[PDB]
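Here's the structure, in C-alpha cells; my notes come after.
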Protein chains: 2
Amino acid sequence: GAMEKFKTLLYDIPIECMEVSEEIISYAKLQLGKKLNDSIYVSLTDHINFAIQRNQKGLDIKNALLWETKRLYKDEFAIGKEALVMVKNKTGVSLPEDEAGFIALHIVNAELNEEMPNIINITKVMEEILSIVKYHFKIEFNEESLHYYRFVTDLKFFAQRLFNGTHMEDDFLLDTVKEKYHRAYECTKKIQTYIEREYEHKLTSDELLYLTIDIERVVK
Amino acid sequence: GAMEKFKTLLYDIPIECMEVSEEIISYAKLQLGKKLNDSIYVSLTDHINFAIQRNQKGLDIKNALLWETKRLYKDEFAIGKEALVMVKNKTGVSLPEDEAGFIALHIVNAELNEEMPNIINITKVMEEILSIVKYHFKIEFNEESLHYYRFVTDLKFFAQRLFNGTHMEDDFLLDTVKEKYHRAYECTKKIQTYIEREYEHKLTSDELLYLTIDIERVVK
C-alpha cells in the first residue's frame, strides 16, 4: 500500500525481535511504573532488528550522546543496559553500550506524554541563572557561539548536581579569576547567593570558576 | 491482533500526520542525500501526532539533550527546525524547539545503518586522549564519577572543535594550575603535543586549563 510505510514496518518481522521488544518494555514498565506510548513496541522491535543487522555486517555504531544520556536519563539508560543483556540472551549477540543509549531515548520518547519533574526542575534553574546574567549585563546572548554552548552545558551540569543532592575543594583557582575577570565575578557572586538562598545549595570552587570564565566569554 | 502493537500504530492515524511526516522526510533526504530506514515514516507520523496532542493539552515538553543535539547532529537538527515550520504550516501549531531535537534524533536513528564519519572521528580522538591519560598514570577510570563525566564531555568538546576547524587567548589562567597541579599538567603537555603533531591542531588556553583540572580530578 502507498500508505503502509507511515503505519507499519515494511518487512518480514522476525518473531524474536518482537519477543525481546516485549521483554524489554515489560521491564521498563516494571521499573518506571508509568504508562508508555504503545508505539514503543514498534520502535524497539525495529531498533533491535537493525541493531543486530548492523552488528552482523561488522558495523559498530557510535552514540554521540551516550554520556549525556547516562547522566540525564539514568533510569531509562539502566533499562537500556539491561536490554542489551536480554538481546544477548535471545540472539547471542553482544551490542555496544552505545545501543543502550539509543534504546533509552526510545523509552524517553514513549514517556513524553506526561510531565518529567526532574527535567522541568533542571531546565528551570538553568533559565533562572541565564536570566540573572542577561539582566546583570543588559545583553542578548549569541546562542550560536561555542562559548554559549559551553555556558549552557555548564549550567545544566550545575542544575543536575543540585537536584541529585551530590555533595563534594581549593579556592586557589578562583582567587585568580576574581582579579582579572572582576566584572564577571560580580555576577558569579549574585548567582552563588541566589542559588544558596533559593535552593539551599552551595556551588563548589570549580563550578564558580567555570561560571566566571563562562560569563566573561559570553559577555565580552 | 495480539501482535499488532509490535508492527503498527494502534489508532486512527490522522491523514495530516502522514502528510507532514512525508514532507519532513522528503526534505531530510534532499538535505542529507542518504538512504533512510523506512521506519522513519512510522516514527515521525507517530511523533508529530503526539507532539501536537501534548501541545493541545497544555503540556510543553523539555528536551534534556537539546543543545548537545544541536551541536553534534547539526544537519539533523536543522531539518528538525524546518520540520517545526512544516508542522505549523499544516496544523497552525507552533511546537517548542525541544521537539526539533527529538525529530533530529529520529532522523539519526534512520541513518544508523551506514557509517557516520564525523562521529567516528570525534570518538576516535576522545579514545586516544583517554588512552594517553590511562597510560601516563597507570590507572583505571571511575567512569561513574561526576569528574569522569566532566572529563569525557570536555574531550568531546575538544574533538568537535578539532574537526569543525573552528579557530579562536590569555594564559594567565593556565600559569596558575601549572604550579599546583604540576603532575596533571605534565600529562596535559603530552596531550597538547600529540594533538598538535597528529592533527595539526592547537588546543587553546581554556582547553588546556580544563584538561589539566579534569586530569587532576580524575586521577586524584
Side-chain angles (χ1 to χ4, degrees), chain A residues 17-48 51 63 65-90 95 97-124 156 159-166, chain B residues 2-7 9-11 42-43 46-47 49-51 53-55 57-66 68-69 96 98-99 101-103 105-106 109 144 149:
Chain A
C17 298
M18 294 183 188
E19 289 176 350
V20 198
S21 170
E22 193 176 23
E23 184 180 2
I24 294 170
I25 295 166
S26 177
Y27 182 65
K29 291 181 173 180
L30 178 71
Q31 299 307 102
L32 304 174
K34 298 183 296 179
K35 161 182 180 180
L36 295 182
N37 188 162
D38 288 319
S39 56
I40 187 63
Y41 289 89
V42 180
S43 62
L44 290 189
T45 291
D46 188 69
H47 192 88
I48 301 306
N63 185 335
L65 304 172
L66 184 57
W67 290 94
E68 290 89 348
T69 300
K70 298 182 184 178
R71 185 65 58 183
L72 296 175
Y73 296 124
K74 202 185 150 352
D75 298 335
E76 294 81 357
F77 185 73
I79 294 164
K81 290 285 291 185
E82 186 55 43
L84 304 189
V85 176
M86 300 174 161
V87 170
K88 171 64 177 301
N89 292 169
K90 179 77 66 180
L95 297 173
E97 181 174 53
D98 302 75
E99 288 288 11
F102 284 118
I103 291 171
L105 261 291
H106 284 303
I107 296 177
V108 171
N109 287 329
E111 295 177 283
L112 291 177
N113 298 306
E114 287 174 348
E115 294 190 318
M116 287 177 220
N118 183 52
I119 302 307
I120 290 163
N121 292 328
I122 289 168
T123 57
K124 181 187 64 179
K156 186 160 65 70
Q160 180 67 302
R161 233 251 303 159
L162 188 162
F163 294 102
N164 287 317
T166 302
Chain B
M3 306 154 284
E4 198 70 352
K5 66 182 185 182
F6 296 105
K7 52 185 295 178
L9 300 178
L10 309 178
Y11 56 90
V42 180
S43 62
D46 188 69
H47 192 88
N49 177 47
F50 286 94
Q53 286 186 56
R54 289 189 287 273
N55 174 84
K57 70 183 185 180
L59 179 55
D60 300 312
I61 68 153
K62 294 295 180 177
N63 185 335
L65 304 172
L66 184 57
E68 290 89 348
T69 300
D98 302 75
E99 288 288 11
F102 284 118
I103 291 171
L105 261 291
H106 284 303
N109 287 329
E144 259 52 59
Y149 177 50

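All values below were derived from every heavy atom in this structure, side-chain atoms included, with hydrogens, water molecules and symmetry-related copies excluded. Here is how names work: the chains are called A, B, and so on, in the same order as the sequence lines, proteins then strands, and each is numbered from 1.
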Problem - Closest approach of A:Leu84 to A:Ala100 (non-hydrogen atoms, all atoms of both residues) - result: CD1-CB, 3.7 Å

Completion exercise
To the nearest 0.5 Å, atom NZ of A:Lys124 lies from atom CD1 of A:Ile120 at 9.5 Å

Practice task
Could you check A:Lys156 against A:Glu68 for salt bridge (charged side-chain N to carboxylate O under 4.0 Å, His left out), going step by step and ending with a plain yes or no?
Solution key: CA-CA 11 Å; A:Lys156 186 160 65 70; A:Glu68 290 89 348; over 6 Å; no

Completion exercise
When rounded to the nearest 0.5 Å, the distance separating CD1 of A:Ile24 from CD1 of A:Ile79 is 10.0 Å

Problem - Nearest-0.5 Å distance, CG of residue A:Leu112 to CD of residue B:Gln53 - result: 12.5 Å

Exercise for the section: Please say which of B:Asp60, B:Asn49, B:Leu59 ends up in a side chain to side chain contact (heavy atoms under 4.5 Å, CB included) with B:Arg54. Expected result: B:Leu59

Exercise for the section: Using the side chain to side chain contact (heavy atoms under 4.5 Å, CB included) rule, take B:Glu99 and B:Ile61 through it: C-alpha gap first, then chi angles, then the decisive distance, then the call. Expected result: CA-CA 8 Å; B:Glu99 288 288 11; B:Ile61 68 153; 3.0 Å; yes

Practice task
Using modelled atom types only, decide if a donor and an acceptor are shared between the side chain of A:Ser43 and the backbone of A:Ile40 within a distance under 3.5 Å.
Solution key: yes

Practice task
Could you tell me whether the side chain of A:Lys29 reaches within less than 4.5 Å of the side chain of A:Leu36, counting heavy atoms only?
Solution key: yes

Exercise for the section: Output the distance between atom CG (A:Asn118) and atom OG1 (A:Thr123), rounded to the nearest 0.5 Å. Expected result: 9.5 Å

Fill in the blank from the handout: For A:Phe163, the ring-ring contact (aromatic ring centres under 6.0 Å, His included) test, sequence neighbours excluded, returns none

Exercise for the section: Answer with yes or no whether the side chains of B:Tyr11 and B:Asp46 bring together a donor and an acceptor at under 3.5 Å. Expected result: yes

Problem - Side-chain touch A:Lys74/A:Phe77, heavy atoms, less than 4.5 angstrom - result: no

Practice task
Tell me, yes or no, whether the heavy-atom count around A:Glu114 atom CD, taken from other residues, nucleotides or ligands under 6.0 Å, exceeds 12.
Solution key: yes

Practice task
Determine, step by step, whether A:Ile103 and A:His47 satisfy the side chain to side chain contact (heavy atoms under 4.5 Å, CB included) criterion, reporting the C-alpha distance in whole Å, the side-chain angles of both residues, the deciding distance to 0.1 Å, and the verdict.
Solution key: CA-CA 8 Å; A:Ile103 291 171; A:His47 192 88; 4.2 Å; yes

Handout entry: Intermediate values then yes/no, side chain to side chain contact (heavy atoms under 4.5 Å, CB included), B:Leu65 and A:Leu105
Key = CA-CA 10 Å; B:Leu65 304 172; A:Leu105 261 291; 4.1 Å; yes

Exercise for the section: Measure the CD-CG distance between A:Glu111 and A:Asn109 for me, rounded to the nearest 0.5 Å. Expected result: 9.0 Å

Handout entry: Full working for salt bridge (charged side-chain N to carboxylate O under 4.0 Å, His left out) between A:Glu19 and A:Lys90
Key = CA-CA 9 Å; A:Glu19 289 176 350; A:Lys90 179 77 66 180; 3.0 Å; yes

Practice task
Might you point out which heavy atoms bring A:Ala51 and A:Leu95 nearest each other, and give the distance in Å?
Solution key: O-CD2, 3.6 Å

Handout entry: Least distance between heavy atoms, A:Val42 atom then B:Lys5 atom
Key = CG2-O, 3.1 Å

Practice task
Specify the closest pair of heavy atoms between A:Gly101 and A:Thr69, including all atoms of both residues, with the distance to one decimal.
Solution key: O-CG2, 3.9 Å

Problem - Contact check, side chains of A:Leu32 and A:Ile107, non-hydrogen atoms, under 4.5 Å - result: yes

Handout entry: Sub-4.5 Å side-chain heavy-atom contact between A:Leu162 and A:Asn121
Key = no

Practice task
With rounding to the nearest 0.5 Å, note down the distance linking CZ in A:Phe102 to NE2 in A:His106.
Solution key: 8.0 Å

Handout entry: Sub-4.5 Å side-chain heavy-atom contact between A:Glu97 and A:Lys70
Key = yes

Problem - Least distance between heavy atoms, A:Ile119 atom then B:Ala64 atom - result: CD1-CB, 3.8 Å

Exercise for the section: Output yes when a side-chain donor or acceptor of A:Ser21 lies under 3.5 Å from a complementary backbone atom of A:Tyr41, and no otherwise. Expected result: yes

Completion exercise
In terms of heavy-atom contacts, B:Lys57 and A:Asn113 come closest through NZ-O, 2.7 Å

Practice task
Can you establish whether the number of heavy atoms outside A:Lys35 located under 6.0 Å from its atom NZ is more than 12?
Solution key: no

